[PDB]
Structure formats: structure tokens, C-alpha cells
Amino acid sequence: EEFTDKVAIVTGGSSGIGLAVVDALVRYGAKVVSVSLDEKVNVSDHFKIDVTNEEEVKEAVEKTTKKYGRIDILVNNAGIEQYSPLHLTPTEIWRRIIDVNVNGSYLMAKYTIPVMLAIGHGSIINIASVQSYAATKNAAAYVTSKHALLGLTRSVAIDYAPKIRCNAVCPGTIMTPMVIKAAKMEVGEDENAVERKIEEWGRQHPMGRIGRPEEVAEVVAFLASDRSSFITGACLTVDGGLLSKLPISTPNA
């Protein structure tokens, strides 16, 4: 319990990832304030707001600071997806993904940084993706917004060291309801096709499975912790080896 007296804010807090991050941070002693589009745990407070709405972000951050007196940790985890290549992505959907996934993070960080400066220490963990380094097909706005998020990461880390560390977590496929929905979109519903498809994505990760939301949450907690006190501006992949794998088969002398 090393996060005792520390306050954490976590966005997309009713996500698979978000919920696991909330649970991991409460388990290590923090008070967690959760932010999401729903009313949807062990959070000390929940804010139902749109991270792209500046007045809403500002009010939430100020109510938190007023009530708890401090914010030590921000986890930017809010993010949406459109499965379209670029030229097939309508303008409002493009702008909206870049707005949610990039500007939402900027806005949270913008209002949260002053308090962390005031207080002397802070830790900002940006939940990005393996799509921050490489691209799947049909993910133009998503891949671009996750690349952005590392730039956002490296900038904050450079401008605010040593008081604030800022790092990115880059997950491969993580078991969440989104993953189920995507399988269902791709293959439909003949006998166990949905499950076989989730198992197949697992088989492309060198680990031969997909990740659990708590395995992401453990990495977030470590970055939030004094344990990682010389890591900042880093982009840690949690992807079961995916990004280091070349998918060219090879004989076996």
C-alpha cells in the first residue's frame, strides 16, 4: 500500500482497462476519481463528463482538487475507434476520434499539471497502443491518434521533469468487451467463430494469448509508483512480444 494518501484520476474509467487500473490503484492504497461517459466500483468519486469538453474537464479537476486537496496521478485512458481506412473515414468521425483520443488527453493533462507542480510530484500515464508504432488495416484515425499520444507523452515528460514524470503504456490486444465486439463484426456468429477469432489474435502474439486488463493495470501502477522514479518519456509496450515479432516463417535447421 504505497499509494496511501495519493489521489488518482482515471479516464475511460468504465473500460475494461480503466476498471482494472482503478482496481489496481485502489488495491495499492490510492483514492481514485474516475471519469467516463457513463454513470457506471471502489472509486471515491465518479465524474460523468466528456473529456473533450473543456468546461467539464476544468470543473471535474477543480472539484477533485477542492475535495481531496491533491492529484498525484493521471491515467489518460479515454479512446474511441472506427474501423475504416483513411479515405473511407467521414470528416466528423475523423475529427471526433482525434478530438477524443488526443485533445481529451491534452485537456486532462492541462488542468491536472498545475496541481502536480504545486505539490512537487506527479505521474501521468497515457494509455496508448501497439498501434502507436505500427498499423493494422482499417484503423486510420485510431493509429494516428495513438501515435499523437506518444508525442504528447514525450513533450510533457521533457517540459515537466523532474516534478512530473510522463510515460505511455502500449498494449497489444487486451481482453475487453471491445475485443468481443470487433471479433463479432469480423466473423459473425456461426457456432464458436467469435471465440476462435479471439483465440487466433492470441496466436499472433508471441505469448500465444491476448492480455488481461489487470496486466495493463500492473504496468500503470508501476509507472505511477516511486519504483519507476528514473523512467520518464518512455513508451512501455505490454503486447506479449507482438511489436518485436516479424511474421515471416522460417525453417528450422
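Don't overthink the numbering: it's just position in the shown sequence, from 1.
- Missing deposited residues between residue 63 and residue 64: none, as the chain runs unbroken there.
- The mean C-alpha temperature factor is higher for 189-197 when 206-214 and 189-197 are set side by side.
- The deposited model assigns a higher average Cα B-factor to 90-98 than to the other stretch when 141-149 and 90-98 are compared.
- Comparing the C-alpha B-factors of 174, 124, 134, 178 in the entry, the top value falls on 178.
- When the C-alpha B-factors of 162, 85, 104, 120 are ranked from the entry, the top spot goes to 120.
- Residue 244 sits in the lowest third of its chain by CA B factor, as recorded in the PDB entry.
- When the modelled residues of the chain are ordered by their C-alpha B factor, residue 11 lands in the middle third.
- When the CA B factors of the chain's modelled residues are split into thirds, the value for residue 223 lands in the middle one.
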